[PDB]
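Let me begin by presenting the structure, written as structure tokens, before commenting on it.
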Amino acid sequence: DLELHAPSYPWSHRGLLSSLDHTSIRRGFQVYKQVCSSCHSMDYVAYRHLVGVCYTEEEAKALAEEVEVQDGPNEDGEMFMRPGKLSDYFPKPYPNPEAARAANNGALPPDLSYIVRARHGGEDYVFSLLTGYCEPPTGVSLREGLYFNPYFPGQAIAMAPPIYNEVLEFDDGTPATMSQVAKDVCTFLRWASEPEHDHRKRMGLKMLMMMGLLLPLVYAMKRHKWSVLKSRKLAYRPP
Amino acid sequence: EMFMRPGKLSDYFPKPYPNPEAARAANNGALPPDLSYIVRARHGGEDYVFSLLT
Amino acid sequence: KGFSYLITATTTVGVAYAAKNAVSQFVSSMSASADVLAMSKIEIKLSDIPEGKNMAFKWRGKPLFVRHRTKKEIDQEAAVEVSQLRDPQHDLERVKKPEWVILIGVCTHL
Amino acid sequence: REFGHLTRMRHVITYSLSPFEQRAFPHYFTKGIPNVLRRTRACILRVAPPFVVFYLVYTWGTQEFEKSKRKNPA
Amino acid sequence: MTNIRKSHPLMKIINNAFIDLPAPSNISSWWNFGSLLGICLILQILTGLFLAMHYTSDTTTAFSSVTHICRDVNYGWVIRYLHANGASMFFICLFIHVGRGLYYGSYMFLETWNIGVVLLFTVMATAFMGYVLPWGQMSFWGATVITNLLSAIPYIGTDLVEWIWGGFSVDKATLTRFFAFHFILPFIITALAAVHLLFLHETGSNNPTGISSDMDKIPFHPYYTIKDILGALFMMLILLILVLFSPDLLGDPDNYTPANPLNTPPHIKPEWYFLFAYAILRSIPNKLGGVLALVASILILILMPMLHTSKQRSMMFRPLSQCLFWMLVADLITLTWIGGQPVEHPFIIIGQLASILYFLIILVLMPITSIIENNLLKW
Amino acid sequence: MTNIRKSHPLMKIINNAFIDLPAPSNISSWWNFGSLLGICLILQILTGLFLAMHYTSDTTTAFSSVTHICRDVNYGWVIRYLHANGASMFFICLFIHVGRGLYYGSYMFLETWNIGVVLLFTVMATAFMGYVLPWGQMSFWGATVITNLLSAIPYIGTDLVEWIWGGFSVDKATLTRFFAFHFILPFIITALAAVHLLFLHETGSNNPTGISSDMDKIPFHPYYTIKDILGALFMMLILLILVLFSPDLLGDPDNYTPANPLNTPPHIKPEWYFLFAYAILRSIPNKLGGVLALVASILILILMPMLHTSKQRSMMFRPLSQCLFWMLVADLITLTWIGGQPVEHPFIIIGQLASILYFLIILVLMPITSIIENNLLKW
Amino acid sequence: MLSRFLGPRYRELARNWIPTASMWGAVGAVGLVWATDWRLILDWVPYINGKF
Amino acid sequence: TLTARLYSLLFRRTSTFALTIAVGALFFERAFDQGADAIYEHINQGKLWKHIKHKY
Ligand code: HEM
Ligand code: HEM
Ligand code: HEM
Ligand code: HEM
Ligand code: FES
């Protein structure tokens with residue numbers, strides 16, 4: 001059965017030397033925190049990772065301090081809840097995978113730290129999925145707790161449409177239309193999959209300029225040494 | 001949820017305390033050691049353990 | 001000779017730049033990673049610590065003691081002789097800010 | 001196998017120039033481009049045809065595969 | 001009273017191998033890929049070792065340790081993706097190196113060609129075991145398929161597979177032993193490359209004409225040290241474009257998912273530099289015959305000297321043999337494409353004809369065509 | 001026709017190194033410990049690689065991984081304690097080997113002697129980093145003391161110690177990078193041993209008389225292959241007596257306790273084959289002077305050829321210098337014993353006198369006594 | 001290595017190679033300063049110190 | 001000419017050649033990083049964290 005593949009969107013980071021828009025990264029973290037995180041985990045991203053990316057240290061510390069985290073046994077050997085801290089990772093919405101599937105209709109919502117890198121199509125795919133919900137076409141019936149997403153493999157997703165217009169409020173006043181929310185969160189997810197994206201592209205620009213100097217000059221070096229061979233003349237003078 | 005089941009051959013010996021802190025709380029601040037290597041981890045070995053116990 | 005050796009010297013300058021960046025990255029990888037630099041590295045406390053109260057912490061794996069020894073105790077441990085101690089130490093020298101002594105909390109015997 | 005004991009050669013004269021006397025890119029474009037084109041013409045009818053057939057096989061295989069997942073009125 | 005470069009016992013052999021070695025004055029860019037390979041090897045050992053300073057081979061931490069390298073170790077993603085794409089550059093260079101050997105008759109240097117076959121097998125084993133180390137979905141299930149391929153061996157096959165596993169399936173024992181073998185194998189490869197060069201220097205290099213060139217030898221140092229250095233710079237350019245602009249171009253997204261033994265990926269394709277052999281193995285329905293064809297598709301390199309019937313060493317002056325050579329290259333590209341595709345209606349028949357052509361060129365068409373070329377030259 | 005043993009390029013090297021090598025007909029059992037060393041090396045690579053098939057270098061599992069090796073891996077206790085007591089045998093053989101070099105003037109072979117010093121340092125680094133890997137109490141706190149010794153270095157001590165740690169203390173990063181270095185280093189040791197034998201074969205072996213033996217050379221193969229086999233069997237006997245009858249004789253019980261950074265052991269000693277140096281460093285009150293002495297006690301081996309003042313090469317015909325040599329061996333034994341003891345009365349003054357005496361023997365007494373012997377023989 | 005190398009020709013050799021040796025020492029110093037970004041010294045170079 | 005003087009002073013001696021390379025490498029690292037960073041921050045003007053941090 002054929003599948004519907006995501007179109008290519010002109011992400012501001014699509015270009016070869018184009019960085020991410022870090023305001024979109026900040027709005028995307030807001031989307032994840034207020035929308036996805038009730039069911040999705042981001043095990044490999046911590047609050048300290050946000051500093052200098054989308055939030056200042058005081059801001060990210062207050063974001064960490066907004067949640068409560070379980071800390072190692074105390075003197076009595078009891079666990080306890082303490083405010084979050086910058087070195088804490090993003091909270092996990094479920095204690096174990098089984099409770100995660102129990103809170104759904106039996107489906108596991110994936111960890112989102114790598115979801116952009118772990119899917120063919122990446123941000124284009126995630127934007128298409130979040131924006132692509134429609135009523136199934138004639139001849140198609142889905143079980144209870146499944147929803148037709150023409151971009152999801154099988155076209156029957158257990159995730160209900162999570163984003164809609166005014167699903168959250170953005171702190172810069174950015175209108176929270178569904179496509180705006182999806183674009184912001186997909187930017188944030190590309191960052192979460194590749195936190196080295198901007199630095200990698202800056203290093204790529206530097207490598208291209210260094211190579212555009214070194215390759216011609218080392219080529220000139222080789223031809224300086226080799227001109228003795230490339231211009232020499234042979235004469236055969238048999239008796 | 002986590003449950004309780006009868007033990008198995010492949011199961012290791014039960015731990016009396018969930019963590020070191022509960023062990024120290026139950027024993028007046030002292031953590032009673034694991035005994036898998038107690039003879040090897042002492043100078044004098046089973047001679048030491050025998051003399052300590054007696 | 002100047003044209004040829006100018007080419008060689010500019011080549012060497014660019015190669016030195018590239019080599020320094022590569023070797024610096026490989027050296028820096030062995031330097032403390034961001035998780036190490038964000039864990040026990042530092043832990044700023046707060047005014048939550050009351051007077052003469054051991055608000056305890058878990059920094060560096062070591063339980064940290066933070067008290068607010070109120071006048072007398074400080075003075076008493078100045079009154080506590082140094083020579084009498086097995087480990088000769090001065091109370092004010094031990095606690096740079098007399099009011100609060102900060103000792104890593106762990107017995108130094110088995 | 002070292003210089004001085006490789007072979008017997010007689011009556012061959014080599015003329016060479018110091019690299020500091022000659023240019024490193026002489027006639028690089030006016031002569032290099034005709035030579036590139038000559039070499040391309042000399043090898044193209046032996047290199048290109050199998051890759052043309054691969055492009056055709058790839059196009060046909062991909063297209064036929066995508067036509068085999070299409071719906072049939074049956 | 002002596003030059004240290006020639007008198008000193010270590011400098012003597014360095015001098016004889018890389019400075020005063022007589023090299024043909026006319027070896028082309030296709031001869032650079034030896035030094036490139038030696039550079040690739042070195043790169044893989046360097047990055048790998050720095051990766052080994054942070055990787056942990058327990059199944060609860062391997063994926064996490066790699067994520068830690070790519071997110072927290074200073075310049076750890078540089079080293080990680082340098083290693084990952086340097087393996088692909090290693091195989092690109094290896095395939096070009098072997099293609100050069102086939103095209104110019106370099107296999108007529110029997111000992112170095114046989115060492116090269118050994119090196120090819122060992123590099124493949126190294127890369128295969130290393131790809132499991134991330135412990136992603138593709139790592140796990142590729143190890144599963146290619147290890148289960150060893151059960152097709154009669155009588156002792158299942159015991160051999162379970163012994164390599166260290167258990168009933170691919171699991172913790174397999175991962176830790178694969179880390180150990182992956183650490184040690186490139187050093188064995190280093191020794192084998194040294195023996196390789198020892199055997200090569202007994203005759204020196206072949207050249208594109210296929211004619212002995214002792215009357216036109218040049219010192220290695222000024223000419224081919226600078227030529228090899230420029231080749232290395234170009235290889236680095238391509239590798240860095242890969243690392244810094246498309247780090248994931250030659251990889252599969254599903255290896256960014258942790259391994260799940262209860263969930264098979266819908267596709268299980270090995271690395272691209274195995275796909276041709278994969279395609280060959282998927283062509284024939286029989287398990288054991290499929291494995292034998294997969295091994296023969298590399299062991300057949302040992303047959304090139306026995307299958308050489310041409311009067312000329314190289315294919316420089318053999319138009320029809322060049323035609324067949326480029327058909328073989330196109331067929332290998334076809335097999336790579338087919339092995340990357342599902343086993344479905346068009347691709348099955350395409351892969352089957354491609355595998356038959358692969359063997360029918362090397363074993364049949366190339367010797368007969370060389371004989372015809374001999375007759376066309378009246379010898 | 002040829003003998004392929006002499007004509008084949010690989011077999012020619014093997015033939016010249018161990019078959020047709022002219023060897024002195026009178027070299028004693030003390031000349032066996034070279035072949036023991038290379039055997040120990042191989043054993044350490046063999047068992048360690050098999051340990052590395054099960055060991056994991058994460059601090060949450062390293063001690064547990066070793067317990068699993070010794071308790072559940074088939075014959076894993078054999079491989080583990082063979083590896084530990086083979087490290088001890090390595091150092092026994094190294095000390096006897098260097099003592100033979102000192103006694104017979106073998107250091108007059110400058111290049112192979114200097115490569116041997118390099119080898120001694122590299123074996124020491126490998127053993128040190130390997131001992132941390134079980135992550136016991138002694139592992140952790142020995143790493144702690146020995147690495148924080150390097151803070152004594154002026155202006156860059158703290159920066160370099162923290163860089164070696166990869167953090168503020170000895171922790172997870174240190175253990176993983178120590179595993180990587182411990183894996184790689186023995187192969188560099190193998191390369192250095194090959195260079196070592198290359199430099200030795202330039203002149204051949206010295207003999208107990210110290211006189212050149214070229215008039216009485218015998219072929220290596222039948223005589224010293226069988227003699228080295230007998231020596232290897234005797235070494236295996238001692239090693240297996242250790243492994244099978246007192247596995248824990250040369251170790252420490254506190255490494256059967258998992259590392260506790262909160263609690264330090266009452267005694268923190270290196271392994272026995274470090275104690276002589278640990279005594280010397282502990283003799284000097286100054287941190288940096290102590291480290292410099294602990295380094296000079298092994299760098300002073302580089303000075304022996306310049307300290308040689310005798311007309312004769314070996315100690316066979318010099319009773320007074322034999323006396324000083326056995327005093328040196330006794331002083332090394334007393335330094336080992338002192339280093340195994342607490343820093344308290346009377347071991348402090350004993351360690352000081354022993355540390356002074358070691359250098360006073362090598363640097364002063366041995367040269368002056370050789371000069372006196374020279375004059376007693378009227379030259 | 002004590003007085004076989006102690007003579008007029010050897011002091012002339014020393015003086016002949018002292019400028020080359022001192023230049024090489026300056027080369028080593030500059031390379032060490034630049035490789036390590038030694039701010040102690042580098043904080044004095046007029047435009048380079050902009051990096052800090 | 002300029003290149004003749006360059007060779008006469010800074011290139012002829014190998015130790016002075018190496019000194020020229022070391023000083024040039026220092027100043028080249030400075031200038032090339034400065035220029036490439038300006039290029040990359042102009043290509044991505046307004047998007048980077050430095051560009052937007054001044055409000056938080
Ligand atoms: C570990 C990977 C390898 C390394 C490092 C390596 C290294 C080298 C080097 C440096 C050369 C000389 C330069 C050159 O002509 O390219 C060379 C030549 C050669 N290699 Fe390899 N090689 C490797 C793998 C192989 C393989 C897989 C084969 C094929 C069986 C092979 C067969 C040859 C042959 C036949 C030559 C001589 C070519 C000629 O002179 O015409 N090598 N190798
Ligand atoms: C012949 C040379 C080598 C080849 C071809 C090779 C190939 C590979 C490949 C393909 C991977 C998986 C890359 C990925 O994650 O996508 C890998 C991973 C790894 N290799 Fe290597 N490798 C080589 C040498 C080494 C050496 C010598 C070491 C150890 C010193 C090493 C250590 C590692 C480690 C720790 C990993 C796991 C982390 C990671 O995925 O990057 N490699 N290797
Ligand atoms: C990696 C460890 C080492 C190995 C495998 C090794 C191997 C060997 C072998 C096989 C021999 C020839 C047989 C013999 O005379 O014993 C030898 C000789 C020698 N080794 Fe070592 N060695 C090692 C470490 C050292 C050390 C630490 C030194 C001293 C600093 C050293 C200095 C010498 C000397 C001077 C000789 C020549 C002895 C003579 O002929 O009289 N080696 N070595
Ligand atoms: C130069 C040769 C070597 C020496 C001297 C050496 C020394 C040591 C020592 C002393 C230990 C601690 C043993 C103990 O637990 O008490 C150790 C542990 C270890 N070594 Fe090595 N080693 C060598 C080579 C190797 C190699 C080549 C490998 C890997 C291929 C290796 C892998 C290990 C492993 C995995 C451990 C931890 C398991 C254990 O503690 O027994 N070793 N090594
Ligand atoms: S020091 Fe606290 S127990 Fe003795």
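The analysis underlying the following values was restricted to heavy atoms, covering all of them including side chains, and did not include hydrogens, waters or symmetry mates. Throughout, protein chains are lettered first and strands after them, A, B, ... in sequence-line order, and every chain is numbered starting at 1.
- A cation-pi arrangement is not found for A:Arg190 relative to A:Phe127, the charged atom failing to lie both closer than 6.0 Å to the ring centre and inside a 45° cone about the ring normal.
- Using modelled atom types, no side-chain atom of A:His22 and backbone atom of A:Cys54 make a donor-acceptor pair closer than 3.5 Å.
- Using a 4.5 Å cut-off on side-chain heavy atoms (C-beta onward), E:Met235 and E:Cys93 make contact.
- Atom CZ of D:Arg70 is surrounded by 12 or fewer heavy atoms from other residues, nucleotides or ligands within 6.0 Å.
- Between A:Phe188 and A:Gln30, every side-chain heavy-atom pair lies at or beyond the 4.5 Å cut-off.
- Between E:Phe90 atom CZ and E:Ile189 atom CD1 the span is 6.0 Å, to the nearest 0.5 Å.
- Nearest approach of A:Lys33 to A:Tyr47, heavy atoms of both residues: NZ-OH, 4.1 Å.
- Under a 3.5 Å cut-off, the side chain of A:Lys183 and the backbone N or O of A:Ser24 do not form any donor-acceptor pair.
- A:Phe29 and A:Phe90 have their aromatic ring centers within a separation under 6.0 angstrom.
- Using a 4.5 Å heavy-atom cutoff, the side chains of E:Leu332 and E:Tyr358 are in contact.
- When side chains are defined from C-beta on, E:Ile298 counts as touching E:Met124, because their heavy atoms get closer than 4.5 Å.
- The two atoms that bring E:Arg282 and E:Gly339 nearest to each other are NH2-CA, 3.5 Å, heavy atoms only.
- In terms of modelled atom types and a separation under 3.5 Å, the side chain of E:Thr147 and the main chain of E:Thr144 share a donor-acceptor contact.
- Under the 4.5 Å side-chain criterion, counting only non-hydrogen atoms from C-beta, E:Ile79 is not in contact with C:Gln25.
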Does the side-chain contact (heavy atoms from CB on, under 4.5 Å) test come out yes or no for A:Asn104 and A:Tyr94, once each step is laid out? CA-CA 11 Å; A:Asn104 316 309; A:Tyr94 301 110; 4.1 Å; yes
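- Formation of a donor-acceptor pair under 3.5 Å by the A:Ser128 side chain with backbone atoms of A:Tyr151 is not found in this model.
- Interatomic distance, CD1 of A:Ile25 versus CH2 of A:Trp191, reported as 7.5 Å (0.5 Å rounding).
- Few gaps surround NE2 on E:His267; more than 12 heavy atoms of other groups in view lie less than 6.0 Å from it.
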Could you go through F:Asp58 and F:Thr56, starting from their C-alpha distance and side-chain angles, then the distance that decides it, and tell me whether this counts as side-chain hydrogen bond (donor to acceptor under 3.5 Å, both in side chains)? CA-CA 6 Å; F:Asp58 191 332; F:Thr56 61; over 6 Å; no
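- A:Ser41 places none of its side-chain heavy atoms less than 4.5 Å from the side chain of A:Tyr89.
- For the ring pair (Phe, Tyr, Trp, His ring centres under 6.0 Å) condition, the pairs that include at least one residue of residues 51-86 of chain E, sequence neighbours left out, are E:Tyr55-E:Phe179.
- Side-chain atoms of A:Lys201 come within 3.5 Å of backbone atoms of A:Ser18 as a donor-acceptor pair (strictly under, hydrogens ignored).
- A pairwise comparison of heavy atoms in A:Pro150 and A:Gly132 identifies CD-O, 3.1 Å as the closest pair.
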Would E:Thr126 and E:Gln44 count as a side-chain contact (heavy atoms from CB on, under 4.5 Å) here? Give the steps. CA-CA 11 Å; E:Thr126 309; E:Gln44 289 310 105; over 6 Å; no
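- Residue E:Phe95 qualifies as enclosed at atom CZ: its count of foreign heavy atoms under 6.0 Å is above 12.
- For the pair E:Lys269 (side chain) and E:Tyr278 (backbone), a donor-acceptor distance under 3.5 Å is absent.
- Here the closest non-hydrogen pair linking A:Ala158 and A:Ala107 is CB-CB, 3.6 Å.
- Closest approach of A:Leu142 and A:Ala156 over heavy atoms only: CD2-CB, 3.8 Å.
- In this structure, A:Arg48 pairs ionically with E:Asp72, as a charged nitrogen and a carboxylate oxygen lie closer than 4.0 Å.
- Counting non-hydrogen atoms of other residues, nucleotides and ligands closer than 6.0 Å to OH of D:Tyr55 gives a total of 12 or fewer.
- Here CG of E:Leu275 is found 12.5 Å from CD1 of E:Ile333. Values are rounded to the nearest 0.5 Å.
- The closest donor-acceptor contact from the side chain of A:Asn149 to the backbone of A:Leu129 lies under 3.5 Å.
- At least one side-chain heavy atom of E:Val243 sits under 4.5 Å from a side-chain heavy atom of E:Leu239.
- Between E:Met53 and E:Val73, every side-chain heavy-atom pair lies at or beyond the 4.5 Å cut-off.
- Side-chain N/O atoms of C:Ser29 and E:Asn74 include no donor and acceptor closer than 3.5 Å.
- With values rounded to the nearest 0.5 angstrom, A:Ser37 atom OG is found 8.5 Å from A:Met42 atom CE.
- D:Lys67 and D:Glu64 are joined by a salt bridge, as a carboxylate oxygen and a charged side-chain nitrogen come within less than 4.0 angstrom of each other.
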Verdict with supporting geometry, E:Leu242 and E:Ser88, side-chain contact (heavy atoms from CB on, under 4.5 Å): CA-CA 10 Å; E:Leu242 281 173; E:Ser88 279; 5.7 Å; no
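- In this structure, the side chain of A:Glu144 does not engage the main chain of A:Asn105 through any donor-acceptor pair within 3.5 Å.
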Kindly indicate, with the supporting measurements, whether the criterion side-chain hydrogen bond (donor to acceptor under 3.5 Å, both in side chains) is fulfilled by E:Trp135 and E:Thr59. CA-CA 7 Å; E:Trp135 204 243; E:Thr59 39; 5.3 Å; no
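- Between atom CD1 of residue E:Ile153 and atom NZ of residue E:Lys287 there is a gap of 10.5 Å, rounded to the nearest 0.5 Å.
- A donor atom on one side chain and an acceptor atom on the other are not found under 3.5 Å apart for E:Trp141 and E:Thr264.
- Judged by distance alone, with hydrogens and angles left aside, the side-chain atoms of E:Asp171 form no donor-acceptor pair with the main-chain N or O of E:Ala173 at under 3.5 Å.
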Passes side-chain hydrogen bond (donor to acceptor under 3.5 Å, both in side chains), C:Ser33 versus C:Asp35? Steps please. CA-CA 6 Å; C:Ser33 57; C:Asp35 64 306; 2.3 Å; yes
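- Checked for salt-bridge contact, E:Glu344 and D:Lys69 miss the test: no charged N lies under 4.0 Å from a carboxylate O.
- E:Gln352 contributes a side-chain N or O that, together with a main-chain N or O of E:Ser283, makes up a donor-acceptor pair within less than 3.5 Å.
- E:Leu244 CG to E:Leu82 CG: the interatomic distance, rounded to the nearest 0.5 Å, is 7.5 Å.
- Checked against the 6.0 Å centroid threshold, D:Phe65 and E:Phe347 count as a close aromatic pair.
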Quick one: do A:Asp124 and A:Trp11 satisfy side-chain hydrogen bond (donor to acceptor under 3.5 Å, both in side chains)? Show the steps, please. CA-CA 9 Å; A:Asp124 289 320; A:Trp11 299 100; 2.8 Å; yes
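- Among pairs with a residue in residues 174-185 of chain E, none fulfils side chain to side chain donor-acceptor pair (under 3.5 Å), at least two apart in sequence or across chains.
- Classification of the E:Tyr256-A:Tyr114 ring pair by plane angle, with boundaries at 30° and 60°, yields tilted.
- Side-chain atoms of A:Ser113 and E:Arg71 form no donor-acceptor pair, as typed in the model, at a separation below 3.5 Å.
- Contact between A:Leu130 and A:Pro162 at its shortest, heavy atoms only, is CD2-CG, 4.2 Å.
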